[PDB]
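Here's the structure we're looking at; comments come further down.
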Amino acid sequence: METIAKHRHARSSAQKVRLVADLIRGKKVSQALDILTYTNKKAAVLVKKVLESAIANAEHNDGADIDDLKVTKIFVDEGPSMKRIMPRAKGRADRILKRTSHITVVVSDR
Amino acid sequence: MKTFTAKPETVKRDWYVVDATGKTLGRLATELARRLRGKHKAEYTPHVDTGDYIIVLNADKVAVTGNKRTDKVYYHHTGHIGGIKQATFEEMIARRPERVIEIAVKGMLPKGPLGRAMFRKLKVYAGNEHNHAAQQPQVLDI
Amino acid sequence: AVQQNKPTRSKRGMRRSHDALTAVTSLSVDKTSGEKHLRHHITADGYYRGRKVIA
Amino acid sequence: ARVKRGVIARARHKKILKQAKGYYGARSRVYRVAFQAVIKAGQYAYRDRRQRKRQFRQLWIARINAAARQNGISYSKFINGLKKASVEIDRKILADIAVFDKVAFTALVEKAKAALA
Amino acid sequence: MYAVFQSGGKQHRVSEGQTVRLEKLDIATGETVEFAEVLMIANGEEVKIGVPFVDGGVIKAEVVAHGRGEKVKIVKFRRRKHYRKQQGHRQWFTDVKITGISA
RNA sequence: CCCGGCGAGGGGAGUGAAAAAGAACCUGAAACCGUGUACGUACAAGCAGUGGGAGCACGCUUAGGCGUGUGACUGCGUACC
RNA sequence: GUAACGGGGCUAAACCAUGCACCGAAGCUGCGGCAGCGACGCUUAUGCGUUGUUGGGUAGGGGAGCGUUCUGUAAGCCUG
């Protein structure tokens, strides 16, 4: 029995969020929460919220027990980019890209 | 049918012992290289090693012809600018007698990983004794 | 100064092979409250080494 | 009568990219770079169909030399003796026998020696 | 027991019960074929060598199938000279099963 | 109904032939970026493939075979217009 | 940076004369397959059977074919 949680159109870069995602793969949920509580990065907050939502779904829609859950999968993908303009010297112009990501977490008893 | 090919997991190898007193350097090195590579067996295979282990004794008693004891020069370079160095046959025999035979045989072997692995089965000593009595080598006359 | 050839994703990964984060080894347990905290720091309620320090 | 090109173009590109499976980097991902990697492969195959035979004959000859020098003759004299004895076995079969049957090879060497005597 | 014989411009070494692939022959399926130009017969320690053929030596075989082999591609290319060409090829064969060796 | 800041975003329940038709909504190709499994890779020098060729994993047959993926070592080999 | 035999090494594994073997190419022979051009016999609606010979190619000339969109045969044929 597996349960899913997603965060779509999140304001960050996949490269930056994968660093935090790599810390908590294959671990128990309580230990994962403890690890995430003491990481001094901005992506820790987002990943933590997604994990908490997944646990709540697991125990409300599927009748699960917290003490037997495990982070079975986690991944980050790219989203659409916003395009902006930045002036430079001597009348030149430049393009600015603002990147976005999708975050997915899967928890299971097995 | 398809032609036979040797398999490195099942190959026989023997141990031989040779004496170098009063022998010509190149005419000894030819035989040593031939037997290290394994050209004397009907199971010869270019991409496999089918040779034997050979011990050489009395390396500081090899012989050369002509005026080569004073006129054969070994060169090398160090990698720093200006670092070219040379030695003579007599100086080499005085300082490091095994290197003579070692270099001579190395020059005659294939260039690559397989040749580098072939070179590992040669054991050269400067005297008349060795400590490989547990392998039971056989006397080989060249 | 700029590149004459486009690099490869293999080189990108090889360069990034030193960018991994490190986790905290262990957490400490207070002797009165029983909370978890960083070693040599105060707890979230105001304890340090068994004594209340902040209201 | 206006004609479009998408279906045929895609089919051609896919046909070429299916032959580049296993190559490294862009050579199995990009059409411009993978087209050049197929022509060269064809050229090499055409040349190697001819190099194969040379390689195998050389191997057979080396093995026969090794086998004959163990009975006490050299390759050239052995071949001359067989020619004078009117034996017409080829080098492939001779190498096979040298590896898998040694009594027969000794018999052949004696025949050649008797012819040369 | 094994014997050597010649067919199709090439030589083969065989023993009883074996299947052999040769160039195309002009015999129908299920029929018998006889090779009566044999070069060598070996039966353990007994070795007969022809000069060039053994006297009274025969191999009998049966035909099994005809067919076509795997495809090959031919590519020709001359660089900077505006020349390219391509071709394909398959080759015929016959299969026989050895039934008897008589010396 | 539930997690979340009375957010953004999601998991259930329900509509419908179909929700991977959910409003960023027919079909959804390529470049480009990820997660999982099998094999190889830390004494080895070059247009990266071709000819030869062990070992390992897996699918039919269970008689010999045979097919698919990876590929140590070795000969030859300086892109296209 | 050895650096005026490719290298190792060579007193012949150098040079001169005579002889006999062997290696060595996509050249020649062997086995199987495709196509072009002639000659000769039945006879051709332009075919069959024998036989001789040929098939590296830029600029450029000659012959024969594949696939895409639209019109008729089609108020036909395939298809929840």
Side-chain angles (χ1 to χ4, degrees), chain A residues 3-10 14 18 49-50 52-62 73-78 80, chain B residues 3 5-9 24-27 29-30 33 45-49 65-66 73-77 81-84 86 103-110 112-114 116-117, chain C residues 9, chain D residues 1-8 10 13 22-25 27 29-33 35-37 39-45 47-52 54-56 58-59 61 74-77 79-80, chain E residues 7-10 22-24 78-83 89-93:
Chain A
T3 315
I4 290 265
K6 275 134 105 164
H7 182 1
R8 286 185 86 229
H9 303 271
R18 285 172 186 149
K49 290 185 88 141
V50 178
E52 268 155 26
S53 204
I55 288 151
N57 290 341
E59 98 196 2
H60 182 259
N61 304 346
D62 287 336
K73 297 192 244 248
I74 186 175
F75 45 94
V76 187
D77 273 325
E78 305 181 9
Chain B
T3 302
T5 199
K7 309 227 169 52
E9 315 314 300
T24 304
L25 180 66
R27 313 210 171 233
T30 278
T45 309
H47 69 92
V48 186
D49 191 335
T65 58
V73 183
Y74 297 74
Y75 288 115
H76 69 101
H77 197 276
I81 187 68
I84 193 86
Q86 54 167 271
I103 295 168
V105 165
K106 183 188 300 342
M108 304 196 172
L109 279 175
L114 195 64
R116 286 201 285 280
Chain C
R9 40 169 91 77
Chain D
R2 199 178 169 251
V3 188
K4 294 185 150 190
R5 296 145 67 191
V7 182
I8 304 275
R10 178 164 38 216
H13 280 191
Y23 300 174
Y24 169 72
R27 296 157 65 87
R29 281 161 172 104
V30 171
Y31 174 82
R32 270 182 212 235
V33 184
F35 181 65
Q36 293 168 230
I39 304 296
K40 184 74 98 183
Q43 297 179 252
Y44 281 144
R47 178 199 75 185
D48 284 22
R49 275 198 282 281
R50 284 121 185 89
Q51 277 188 21
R52 203 196 272 132
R54 314 175 184 170
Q55 282 177 6
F56 269 112
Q58 165 182 12
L59 183 62
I61 290 175
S74 55
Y75 172 96
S76 41
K77 294 193 190 179
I79 294 285
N80 195 31
Chain E
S7 177
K10 307 182 260 294
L22 323 163
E23 297 273 331
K24 196 184 79 174
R78 191 86 64 184
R79 68 175 158 177
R80 299 183 300 257
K81 306 302 178 190
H82 209 218
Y83 173 83
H89 186 84
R90 288 181 99 193
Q91 180 94 16
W92 291 93
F93 65 79

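Any value given below was found using the heavy atoms of this structure, including those in side chains, with hydrogens, waters and symmetry copies removed. Quick note on labels: first sequence line is chain A, next is B, and so on, each numbered from 1.
- Contacts of D:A1 with the nucleic acid, taken as non-hydrogen atoms under 4.0 Å apart, include base atoms.
- At least one side-chain heavy atom of E:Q91 sits under 4.5 Å from a side-chain heavy atom of E:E23.
- Looking at heavy-atom distances under 4.0 Å, B:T5 makes contact with sugar-phosphate atoms alone, never a base.
- For B:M108, counting side-chain heavy atoms from C-beta on, the closest listed nucleotide (G:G9, F:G51, F:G75) is G:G9.
- Of all nucleotides present, none satisfies the Watson-Crick or G-U wobble test against F:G46 with each distance under 3.5 Å.
- Note on E:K10: a base of the nucleic acid sits closer than 4.0 angstrom, heavy atoms only.
- Note that the OH atom of D:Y31 and the CD atom of D:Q36 stand 10.5 Å from one another [nearest 0.5 Å].
- Here F:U62 counts as south. Its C1'-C2'-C3'-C4' torsion is negative.
- Nucleotides F:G69 and F:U37 have their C1' atoms positioned 12 Å apart, rounded to a whole Å.
- Residue-level contact check: B:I84 touches the bases, meaning some heavy atom is under 4.0 Å from a base atom.
- Using a 4.0 Å heavy-atom distance criterion, D:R32 is classed as making no nucleic acid contact.
- A:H9 comes within 4.0 angstrom of a base, heavy atoms only.
- Annotated as syn: G:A12, whose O4'-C1'-N torsion sits within 90° of 0.
- Consecutive bases F:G12 and F:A13 are counted as stacked, their six-membered rings lying with centres under 5.5 Å apart and planes tilted under 30°.
- F:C73 and F:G40: their P atoms are spaced 13 Å apart (whole Å).
- Close to F:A48, at under 4.0 Å from its OP1 or OP2, lies no side-chain N or O of D:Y24.
- Taking the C1' atoms as reference points, F:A19 lies 50 Å from F:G49, given to the whole Å.
- Using a 4.0 Å heavy-atom distance criterion, B:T24 is classed as a sugar-phosphate-only contact.
- Across all strands shown, D:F35 has no heavy atoms under 4.0 Å from either base or sugar-phosphate atoms.
- The side chain of B:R27 places an N or O atom within less than 4.0 Å of a non-bridging phosphate oxygen (OP1 or OP2) of G:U11.
- Heavy-atom distances to RNA chain G give each of E:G8 and B:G26 a nearest nucleotide, and the one nearer the 5′ end belongs to B:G26.
- Of the candidates F:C33, F:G51, F:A45, F:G51 carries the atom nearest the D:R52 side chain, counting heavy atoms from C-beta on.
- Its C1'-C2'-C3'-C4' torsion being negative, the sugar of F:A19 is assigned to the south family.
- A:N61 comes within contact range of at least one nucleobase, with a heavy-atom separation under 4.0 Å.
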Between protein and nucleotides 77-81 of chain F, what N or O pairs are separated by less than 3.5 Å?
{"unit_1": "F:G77", "atom_1": "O2'", "unit_2": "D:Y44", "atom_2": "OH", "d": "3.0"}
{"unit_1": "F:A79", "atom_1": "OP1", "unit_2": "D:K40", "atom_2": "NZ", "d": "3.3"}
{"unit_1": "F:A79", "atom_1": "OP2", "unit_2": "E:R79", "atom_2": "NH1", "d": "3.3"}
{"unit_1": "F:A79", "atom_1": "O2'", "unit_2": "D:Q36", "atom_2": "NE2", "d": "3.2"}
{"unit_1": "F:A79", "atom_1": "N3", "unit_2": "D:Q36", "atom_2": "NE2", "d": "3.3"}
{"unit_1": "F:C80", "atom_1": "OP2", "unit_2": "E:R79", "atom_2": "NH1", "d": "2.9"}
{"unit_1": "F:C80", "atom_1": "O4'", "unit_2": "D:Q36", "atom_2": "NE2", "d": "3.4"}
{"unit_1": "F:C81", "atom_1": "OP2", "unit_2": "E:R80", "atom_2": "N", "d": "3.2"}

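- Backbone-only contact: B:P113 has heavy atoms under 4.0 Å from sugar-phosphate atoms and none from a base.
- Per the stacking criterion (ring centres < 5.5 Å, plane angle < 30°), B:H77 stacks onto the base of G:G1.
- With a glycosidic angle further than 90° from 0, F:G11 counts as anti.
- Here D:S76 does not reach the OP1 or OP2 of G:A21: none of its side-chain N or O atoms lies under 4.0 Å away.
- D:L59 approaches B:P46 most closely through the heavy-atom pair CD1-CD, 3.8 Å.
- A positive value of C1'-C2'-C3'-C4' puts the sugar of F:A17 in the north, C3'-endo-like family.
- Checking G:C23, G:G33, G:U58 against every side-chain atom of D:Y75, the shortest atom distance belongs to G:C23.
- Comparing the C1' positions of F:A38 and F:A57 gives an interatomic distance of 6 Å, to the nearest angstrom.
- Toward the 5' end of RNA chain F, the nearer of the two residues A:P80 and B:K7, judged by each one's closest nucleotide, is A:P80.
- Within the 4.0 angstrom heavy-atom criterion, base atoms lie near A:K49.
- Judged by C1'-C2'-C3'-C4', the furanose ring of F:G51 adopts a north pucker.
- For the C1' atoms, the distance from F:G46 to F:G77 is 11 Å, rounded to whole Å.
- In this structure, F:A8 makes no Watson-Crick or G-U wobble pair, since no nucleotide meets both defining distances under 3.5 angstrom.
- Classification of F:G64 as syn follows from a glycosidic angle within 90° of 0.
- Counting any heavy atom pair closer than 4.0 Å across all strands shown, E:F93 reaches no nucleic acid atom.
- As rounded to the nearest Å, G:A74 and G:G47 have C1' atoms that lie 40 Å from one another.
- In this step of the strand, G:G38 stacks on G:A39, since the centres of their six-membered base rings are under 5.5 Å apart and the ring planes meet at under 30°.
- A stacking criterion of 5.5 Å and 30° is met by the six-membered base rings of adjacent nucleotides F:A38 and F:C39.
- Comparing the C1' positions of G:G67 and G:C37 gives an interatomic distance of 33 Å, to the nearest angstrom.
- Across all strands shown, D:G6 has no heavy atoms under 4.0 Å from either base or sugar-phosphate atoms.
- For F:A31, the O4'-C1' to base torsion is more than 90° from 0; the nucleotide is therefore anti.
- Not a single donor-acceptor contact under 3.5 angstrom links the side-chain atoms of A:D77 to the base of F:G34.
- Base contact: E:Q91 has a heavy atom under 4.0 Å from a base atom.
- Spacing between F:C47 and F:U41 at atom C1', rounded to whole Å, works out to 22 Å.
- Taking every side-chain heavy atom of A:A56 into account, F:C3 is the closest of F:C3, F:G34, G:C31.
- For the OP1/OP2 pair of F:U50 and a distance below 4.0 Å, the side-chain nitrogens and oxygens of D:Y23 include at least one atom meeting the criterion.
- Considering all non-hydrogen atoms of both residues, A:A5 and A:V50 come closest at CB-O, 3.7 Å.
- With a ring-centre distance below 5.5 Å and an interplanar angle below 30°, G:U53 is stacked on G:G52.
- Annotated as anti: F:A38, whose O4'-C1'-N torsion sits more than 90° from 0.
- A positive value of the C1'-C2'-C3'-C4' dihedral assigns F:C56 to the north, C3'-endo side.
- Stretches of at least 3 consecutive Watson-Crick or G-U wobble pairs, with each checked distance under 3.5 Å, appear in RNA chain G as G:34-42 with G:47-55.
- Of the two residues near RNA chain F, B:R116 and A:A14, the one whose nearest nucleotide lies more 5' is A:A14.
- Regarding contacts with the backbone of F:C32, a side-chain N or O of C:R9 is found under 4.0 angstrom from either OP1 or OP2.
- If you check distances only, the side chain of A:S53 does reach the base of F:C3 with a donor-acceptor pair under 3.5 Å.
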